[PDB]
file work30.cif (mmCIF, C-alpha atoms)
data_my_file
#
loop_
_atom_site.label_atom_id
_atom_site.label_comp_id
_atom_site.auth_asym_id
_atom_site.auth_seq_id
_atom_site.Cartn_x
_atom_site.Cartn_y
_atom_site.Cartn_z
CA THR A 194 -11.05 -46.71 -37.78
CA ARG A 195 -7.53 -46.47 -39.09
CA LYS A 196 -4.88 -48.29 -41.08
CA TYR A 197 -1.55 -49.36 -39.62
CA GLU A 198 1.64 -49.86 -41.60
CA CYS A 199 1.74 -53.37 -40.12
CA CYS A 200 -1.28 -54.57 -42.01
CA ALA A 201 -3.30 -53.90 -45.14
CA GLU A 202 -6.74 -53.86 -43.49
CA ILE A 203 -8.61 -51.36 -41.31
CA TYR A 204 -8.61 -51.96 -37.56
CA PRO A 205 -11.39 -50.24 -35.57
CA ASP A 206 -11.11 -48.99 -32.02
CA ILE A 207 -13.13 -47.15 -29.39
CA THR A 208 -11.33 -44.37 -27.53
CA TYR A 209 -12.73 -43.09 -24.24
CA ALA A 210 -11.85 -39.55 -23.14
CA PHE A 211 -12.04 -39.05 -19.37
CA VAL A 212 -12.33 -35.32 -18.67
CA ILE A 213 -11.62 -35.05 -14.95
CA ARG A 214 -11.57 -31.93 -12.78
CA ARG A 215 -9.42 -31.75 -9.66
CA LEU A 216 -11.05 -30.69 -6.42
CA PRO A 217 -8.61 -27.94 -5.38
CA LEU A 218 -9.30 -27.54 -1.65
CA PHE A 219 -6.59 -29.90 -0.42
CA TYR A 220 -3.76 -28.44 -2.47
CA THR A 221 -5.17 -24.95 -1.97
CA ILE A 222 -4.85 -25.21 1.81
CA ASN A 223 -1.58 -27.11 1.77
CA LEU A 224 0.38 -25.21 -0.92
CA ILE A 225 -1.32 -22.07 -2.20
CA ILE A 226 -2.12 -20.33 1.09
CA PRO A 227 1.33 -20.91 2.66
CA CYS A 228 2.92 -19.60 -0.54
CA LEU A 229 0.74 -16.48 -0.45
CA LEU A 230 1.54 -15.93 3.22
CA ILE A 231 5.26 -16.08 2.44
CA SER A 232 4.71 -13.80 -0.57
CA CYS A 233 3.14 -11.22 1.75
CA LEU A 234 6.58 -10.81 3.39
CA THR A 235 8.68 -10.23 0.26
CA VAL A 236 8.74 -6.41 0.48
CA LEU A 237 8.82 -6.09 4.27
CA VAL A 238 12.63 -5.94 4.30
CA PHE A 239 12.53 -2.44 2.80
CA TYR A 240 10.52 -1.13 5.78
CA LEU A 241 12.75 -2.69 8.42
CA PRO A 242 15.17 -0.14 9.91
CA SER A 243 18.86 -0.83 9.42
CA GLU A 244 19.49 -0.62 13.18
CA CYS A 245 17.27 -3.62 14.00
CA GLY A 246 20.02 -5.94 12.74
CA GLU A 247 17.48 -8.40 11.32
CA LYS A 248 16.98 -7.47 7.64
CA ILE A 249 19.18 -10.34 6.44
CA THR A 250 17.35 -12.86 8.62
CA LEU A 251 13.98 -11.92 7.14
CA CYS A 252 14.97 -11.80 3.47
CA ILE A 253 17.02 -15.01 3.70
CA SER A 254 14.13 -16.80 5.43
CA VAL A 255 11.73 -15.68 2.70
CA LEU A 256 14.10 -16.83 -0.05
CA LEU A 257 14.66 -20.26 1.50
CA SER A 258 10.95 -20.82 2.18
CA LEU A 259 10.05 -19.96 -1.41
CA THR A 260 12.76 -22.30 -2.69
CA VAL A 261 11.48 -25.13 -0.48
CA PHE A 262 7.93 -24.67 -1.75
CA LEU A 263 9.13 -24.64 -5.35
CA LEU A 264 10.91 -27.92 -4.68
CA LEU A 265 7.71 -29.34 -3.17
CA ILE A 266 5.73 -28.39 -6.28
CA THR A 267 8.39 -29.96 -8.49
CA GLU A 268 7.86 -33.35 -6.82
CA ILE A 269 4.16 -33.30 -7.81
CA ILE A 270 4.10 -32.18 -11.45
CA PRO A 271 5.56 -34.14 -14.39
CA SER A 272 9.00 -33.12 -15.61
CA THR A 273 7.66 -32.05 -19.01
CA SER A 274 8.96 -29.06 -20.94
CA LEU A 275 5.82 -28.28 -22.96
CA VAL A 276 3.97 -26.23 -20.33
CA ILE A 277 4.98 -24.38 -17.16
CA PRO A 278 2.60 -24.24 -14.18
CA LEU A 279 1.50 -20.73 -13.24
CA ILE A 280 2.33 -21.48 -9.60
CA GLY A 281 5.85 -22.42 -10.66
CA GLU A 282 6.32 -19.22 -12.66
CA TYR A 283 5.03 -17.12 -9.77
CA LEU A 284 7.36 -18.83 -7.31
CA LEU A 285 10.35 -18.48 -9.62
CA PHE A 286 9.72 -14.78 -10.24
CA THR A 287 9.21 -14.18 -6.51
CA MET A 288 12.50 -15.97 -5.80
CA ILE A 289 14.30 -13.85 -8.38
CA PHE A 290 13.00 -10.61 -6.91
CA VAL A 291 13.73 -11.78 -3.35
CA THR A 292 17.32 -12.47 -4.40
CA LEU A 293 17.43 -8.95 -5.83
CA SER A 294 16.04 -7.64 -2.53
CA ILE A 295 18.82 -9.43 -0.64
CA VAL A 296 21.44 -7.79 -2.88
CA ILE A 297 19.84 -4.37 -2.36
CA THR A 298 19.67 -5.00 1.39
CA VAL A 299 23.39 -5.75 1.56
CA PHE A 300 24.07 -2.53 -0.33
CA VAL A 301 21.77 -0.50 1.95
CA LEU A 302 23.32 -1.92 5.11
CA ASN A 303 26.75 -1.04 3.72
CA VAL A 304 25.58 2.53 3.04
CA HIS A 305 24.05 2.85 6.52
CA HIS A 306 27.27 2.08 8.40
CA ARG A 307 29.46 4.65 6.63
CA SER A 308 31.28 7.33 8.61
CA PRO A 309 33.70 10.18 7.84
CA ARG A 310 36.59 8.06 9.14
CA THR A 311 36.12 5.54 6.31
CA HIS A 312 34.00 7.12 3.57
CA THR A 313 33.46 10.52 1.98
CA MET A 314 29.99 11.57 0.85
CA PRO A 315 30.03 13.03 -2.69
CA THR A 316 28.24 16.31 -3.24
CA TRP A 317 25.94 14.73 -5.83
CA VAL A 318 24.86 12.03 -3.36
CA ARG A 319 24.07 14.68 -0.78
CA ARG A 320 22.09 16.75 -3.28
CA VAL A 321 20.06 13.91 -4.77
CA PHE A 322 19.32 11.76 -1.74
CA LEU A 323 18.86 14.59 0.79
CA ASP A 324 16.88 17.09 -1.33
CA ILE A 325 15.27 15.67 -4.46
CA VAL A 326 14.21 12.08 -3.83
CA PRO A 327 12.85 12.68 -0.28
CA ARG A 328 10.60 15.37 -1.75
CA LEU A 329 9.31 13.03 -4.47
CA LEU A 330 8.74 10.28 -1.88
CA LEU A 331 6.68 12.54 0.43
CA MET A 332 9.11 12.11 3.35
CA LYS A 333 10.22 15.31 5.08
CA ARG A 334 13.43 15.34 7.08
CA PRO A 335 13.43 17.49 10.24
CA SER A 336 15.60 20.60 10.04
CA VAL A 337 18.21 19.75 12.68
CA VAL A 338 21.56 21.50 13.13
CA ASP A 339 24.08 19.11 14.69
CA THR A 340 27.34 20.77 15.73
CA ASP A 341 29.51 17.62 15.71
CA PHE A 342 30.67 17.04 12.14
CA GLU A 343 31.43 13.34 12.63
CA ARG A 344 28.08 12.63 14.30
CA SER A 345 26.20 14.67 11.67
CA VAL A 346 27.70 12.97 8.62
CA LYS A 347 26.95 9.61 10.22
CA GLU A 348 23.33 10.74 10.50
CA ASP A 349 23.35 11.83 6.85
CA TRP A 350 24.60 8.40 5.79
CA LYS A 351 21.85 6.84 7.90
CA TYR A 352 19.25 9.05 6.20
CA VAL A 353 20.59 8.27 2.72
CA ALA A 354 20.11 4.57 3.51
CA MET A 355 16.49 5.18 4.54
CA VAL A 356 15.73 6.94 1.25
CA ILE A 357 17.19 4.11 -0.83
CA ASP A 358 15.05 1.66 1.16
CA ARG A 359 11.92 3.72 0.54
CA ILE A 360 12.57 3.90 -3.21
CA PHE A 361 12.74 0.12 -3.48
CA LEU A 362 9.78 -0.29 -1.12
CA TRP A 363 7.72 1.56 -3.74
CA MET A 364 9.14 -0.25 -6.77
CA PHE A 365 8.81 -3.73 -5.26
CA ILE A 366 5.22 -3.04 -4.20
CA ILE A 367 4.35 -1.88 -7.73
CA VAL A 368 6.11 -4.86 -9.31
CA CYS A 369 4.59 -7.27 -6.79
CA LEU A 370 1.05 -6.02 -7.49
CA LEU A 371 1.46 -5.62 -11.25
CA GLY A 372 3.23 -8.95 -11.64
CA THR A 373 0.67 -10.91 -9.64
CA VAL A 374 -2.28 -9.39 -11.50
CA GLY A 375 -0.49 -9.54 -14.84
CA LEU A 376 0.03 -13.29 -14.32
CA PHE A 377 -3.19 -14.62 -12.76
CA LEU A 378 -5.91 -12.14 -13.79
CA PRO A 379 -6.07 -12.94 -17.55
CA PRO A 380 -6.44 -16.71 -17.06
CA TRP A 381 -9.30 -16.16 -14.60
CA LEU A 382 -11.05 -14.15 -17.34
CA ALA A 383 -11.98 -17.08 -19.59
CA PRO B 270 -9.31 -31.51 9.42
CA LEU B 271 -10.08 -29.15 12.28
CA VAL B 272 -6.45 -29.31 13.41
CA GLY B 273 -5.37 -28.25 9.93
CA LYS B 274 -7.88 -25.40 9.92
CA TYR B 275 -6.64 -24.20 13.31
CA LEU B 276 -3.03 -24.38 12.15
CA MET B 277 -3.90 -22.36 9.03
CA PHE B 278 -5.67 -19.73 11.14
CA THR B 279 -2.64 -19.47 13.43
CA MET B 280 -0.30 -19.19 10.43
CA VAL B 281 -2.36 -16.29 9.09
CA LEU B 282 -2.23 -14.62 12.51
CA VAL B 283 1.53 -15.12 12.77
CA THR B 284 2.00 -13.55 9.33
CA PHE B 285 -0.08 -10.61 10.55
CA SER B 286 2.15 -10.42 13.63
CA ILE B 287 5.30 -10.45 11.47
CA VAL B 288 4.00 -7.49 9.46
CA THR B 289 3.02 -5.66 12.65
CA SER B 290 6.40 -6.38 14.24
CA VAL B 291 8.18 -4.93 11.21
CA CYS B 292 6.07 -1.79 11.58
CA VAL B 293 6.72 -1.62 15.33
CA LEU B 294 10.46 -1.98 14.78
CA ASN B 295 10.30 0.82 12.22
CA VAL B 296 8.55 3.05 14.76
CA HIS B 297 10.96 2.16 17.57
CA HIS B 298 14.11 3.22 15.69
CA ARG B 299 12.95 6.78 15.01
CA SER B 300 14.77 9.88 16.23
CA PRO B 301 14.39 13.66 15.87
CA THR B 302 17.24 13.67 13.34
CA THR B 303 15.12 11.65 10.89
CA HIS B 304 11.43 11.88 11.84
CA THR B 305 9.19 14.56 13.30
CA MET B 306 6.32 13.39 15.52
CA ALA B 307 2.97 14.85 14.55
CA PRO B 308 0.92 16.27 17.45
CA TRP B 309 -1.88 13.78 16.76
CA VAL B 310 0.57 10.90 17.22
CA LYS B 311 1.68 12.56 20.46
CA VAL B 312 -1.85 12.92 21.80
CA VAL B 313 -3.17 9.51 20.78
CA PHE B 314 -0.23 7.24 21.52
CA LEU B 315 1.13 9.03 24.61
CA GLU B 316 -2.10 9.97 26.42
CA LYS B 317 -5.22 8.20 25.15
CA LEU B 318 -4.16 4.66 24.25
CA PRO B 319 -1.84 4.19 27.28
CA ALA B 320 -4.68 5.14 29.63
CA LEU B 321 -6.93 2.57 27.97
CA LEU B 322 -4.23 -0.11 28.23
CA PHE B 323 -3.20 0.76 31.82
CA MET B 324 0.38 1.76 31.01
CA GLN B 325 0.85 5.22 32.57
CA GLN B 326 3.98 6.58 30.91
CA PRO B 327 6.07 7.76 33.90
CA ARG B 328 6.73 11.11 32.17
CA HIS B 329 9.09 12.13 34.96
CA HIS B 330 10.51 14.67 32.49
#

call {"tool": "encode", "arguments": {"input": "work30.cif", "output": "structure tokens"}}
result
Amino acid sequence: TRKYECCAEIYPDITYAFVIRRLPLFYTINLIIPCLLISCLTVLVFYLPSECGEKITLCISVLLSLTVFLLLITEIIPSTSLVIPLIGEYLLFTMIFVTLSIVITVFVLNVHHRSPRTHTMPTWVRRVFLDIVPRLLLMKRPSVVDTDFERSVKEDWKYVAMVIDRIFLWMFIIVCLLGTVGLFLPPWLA
Amino acid sequence: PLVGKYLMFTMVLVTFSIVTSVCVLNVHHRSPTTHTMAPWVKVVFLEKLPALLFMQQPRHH
């Protein structure tokens, strides 16, 4: 029962609350699983060698697929600003980190194709990325003595690019695992 | 639908194949300047597996 400013009397009403649970199989199969399959490929770019000439293809494809699926989700949910779907947040964060991976990939490809005729390797770069980081990353370079200076520096640039890829392969895997668990695990616990 | 289930199964397999192809490409572009081949890799992948798969590395050298 309640009073309305229209009228001086009390007007009763009966309000029915329909608590309805969605059966998630259809949208599971059609949205969630494809999104997870695409998410499985987000870090693969950092294990592709720079000589394959296909890093850009892979990372761009992942970015565009994630964007398309975000757009598909947007057409289903209401355009309300009070709550954000967890699927939407996950897709947006994955898109952000895939964009970051594309930027890093461009940088790594640029580093790979450097030669003495165009670039000079600083001593600090040589020290760090040929002695320290490879040791911390458990990768051991063979001890090879190339006599040709131009062909040896080109191989050092190619190895520096591999190390930078491996660093970000580790960080993105940690972020991918921590982010996914840090987003979906707590809700599933109550 | 069974067609949908089959398509989903094939999509999972193709994702598996993408991961495996990335790994294969990583292996293919390896050289002595950057990687050293462990003797177990040598044995397994150059003698045992090829014999099982009927490949017979020519090994002329």

call {"tool": "residues_around", "arguments": {"input": "work30.cif", "residues": "stretch 287-298 of chain B", "least_positions_apart": "4", "cutoff": "7 Å", "atoms": "only C-alpha atoms", "output": "list in words"}}
result
residues 240, 241 and 242 of chain A; 283 of chain B

call {"tool": "residues_around", "arguments": {"input": "work30.cif", "residues": "residue A:230", "least_positions_apart": "2", "cutoff": "12 Å", "atoms": "all atoms listed in the file", "output": "PyMOL selection string"}}
result
(chain A and resi 222-228+232-235+255+258-259+262) or (chain B and resi 277-288)

call {"tool": "write_last_selection", "arguments": {"input": "work30.cif", "atoms": "C-alpha atoms", "output": "short mmCIF file (atom, residue, chain, number, x, y, z; two decimals), in the coordinates of the input"}}
result
data_model
loop_
_atom_site.label_atom_id
_atom_site.label_comp_id
_atom_site.auth_asym_id
_atom_site.auth_seq_id
_atom_site.Cartn_x
_atom_site.Cartn_y
_atom_site.Cartn_z
CA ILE A 222 -4.85 -25.21 1.81
CA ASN A 223 -1.58 -27.11 1.77
CA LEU A 224 0.38 -25.21 -0.92
CA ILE A 225 -1.32 -22.07 -2.20
CA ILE A 226 -2.12 -20.33 1.09
CA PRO A 227 1.33 -20.91 2.66
CA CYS A 228 2.92 -19.60 -0.54
CA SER A 232 4.71 -13.80 -0.57
CA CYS A 233 3.14 -11.22 1.75
CA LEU A 234 6.58 -10.81 3.39
CA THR A 235 8.68 -10.23 0.26
CA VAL A 255 11.73 -15.68 2.70
CA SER A 258 10.95 -20.82 2.18
CA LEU A 259 10.05 -19.96 -1.41
CA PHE A 262 7.93 -24.67 -1.75
CA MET B 277 -3.90 -22.36 9.03
CA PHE B 278 -5.67 -19.73 11.14
CA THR B 279 -2.64 -19.47 13.43
CA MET B 280 -0.30 -19.19 10.43
CA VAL B 281 -2.36 -16.29 9.09
CA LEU B 282 -2.23 -14.62 12.51
CA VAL B 283 1.53 -15.12 12.77
CA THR B 284 2.00 -13.55 9.33
CA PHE B 285 -0.08 -10.61 10.55
CA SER B 286 2.15 -10.42 13.63
CA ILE B 287 5.30 -10.45 11.47
CA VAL B 288 4.00 -7.49 9.46
#

call {"tool": "interface_residues", "arguments": {"input": "work30.cif", "of": "chain A", "to": "chain B", "cutoff": "10 Å", "atoms": "all atoms listed in the file", "output": "PDB file with C-alpha atoms, in the frame of the given file"}}
result
ATOM      1  CA  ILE A 222      -4.850 -25.210   1.810  1.00  0.00           C
ATOM      2  CA  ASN A 223      -1.580 -27.110   1.770  1.00  0.00           C
ATOM      3  CA  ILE A 226      -2.120 -20.330   1.090  1.00  0.00           C
ATOM      4  CA  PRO A 227       1.330 -20.910   2.660  1.00  0.00           C
ATOM      5  CA  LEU A 230       1.540 -15.930   3.220  1.00  0.00           C
ATOM      6  CA  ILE A 231       5.260 -16.080   2.440  1.00  0.00           C
ATOM      7  CA  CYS A 233       3.140 -11.220   1.750  1.00  0.00           C
ATOM      8  CA  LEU A 234       6.580 -10.810   3.390  1.00  0.00           C
ATOM      9  CA  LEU A 237       8.820  -6.090   4.270  1.00  0.00           C
ATOM     10  CA  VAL A 238      12.630  -5.940   4.300  1.00  0.00           C
ATOM     11  CA  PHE A 239      12.530  -2.440   2.800  1.00  0.00           C
ATOM     12  CA  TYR A 240      10.520  -1.130   5.780  1.00  0.00           C
ATOM     13  CA  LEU A 241      12.750  -2.690   8.420  1.00  0.00           C
ATOM     14  CA  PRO A 242      15.170  -0.140   9.910  1.00  0.00           C
ATOM     15  CA  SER A 243      18.860  -0.830   9.420  1.00  0.00           C
ATOM     16  CA  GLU A 244      19.490  -0.620  13.180  1.00  0.00           C
ATOM     17  CA  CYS A 245      17.270  -3.620  14.000  1.00  0.00           C
ATOM     18  CA  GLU A 247      17.480  -8.400  11.320  1.00  0.00           C
ATOM     19  CA  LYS A 248      16.980  -7.470   7.640  1.00  0.00           C
ATOM     20  CA  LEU A 251      13.980 -11.920   7.140  1.00  0.00           C
ATOM     21  CA  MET A 332       9.110  12.110   3.350  1.00  0.00           C
ATOM     22  CA  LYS A 333      10.220  15.310   5.080  1.00  0.00           C
ATOM     23  CA  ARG A 334      13.430  15.340   7.080  1.00  0.00           C
ATOM     24  CA  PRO A 335      13.430  17.490  10.240  1.00  0.00           C
ATOM     25  CA  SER A 336      15.600  20.600  10.040  1.00  0.00           C
ATOM     26  CA  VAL A 337      18.210  19.750  12.680  1.00  0.00           C
ATOM     27  CA  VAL A 338      21.560  21.500  13.130  1.00  0.00           C
ATOM     28  CA  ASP A 339      24.080  19.110  14.690  1.00  0.00           C
ATOM     29  CA  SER A 345      26.200  14.670  11.670  1.00  0.00           C
ATOM     30  CA  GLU A 348      23.330  10.740  10.500  1.00  0.00           C
ATOM     31  CA  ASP A 349      23.350  11.830   6.850  1.00  0.00           C
ATOM     32  CA  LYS A 351      21.850   6.840   7.900  1.00  0.00           C
ATOM     33  CA  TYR A 352      19.250   9.050   6.200  1.00  0.00           C
ATOM     34  CA  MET A 355      16.490   5.180   4.540  1.00  0.00           C
TER      35      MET A 355
END

call {"tool": "atom_distance", "arguments": {"input": "work30.cif", "atom1": "atom CA of residue A:360", "atom2": "atom CA of residue A:326"}}
result
8.4 Å

call {"tool": "atom_distance", "arguments": {"input": "work30.cif", "atom1": "atom CA of residue B:270", "atom2": "atom CA of residue A:219"}}
result
10.3 Å

call {"tool": "atom_distance", "arguments": {"input": "work30.cif", "atom1": "atom CA of residue A:273", "atom2": "atom CA of residue A:369"}}
result
27.8 Å
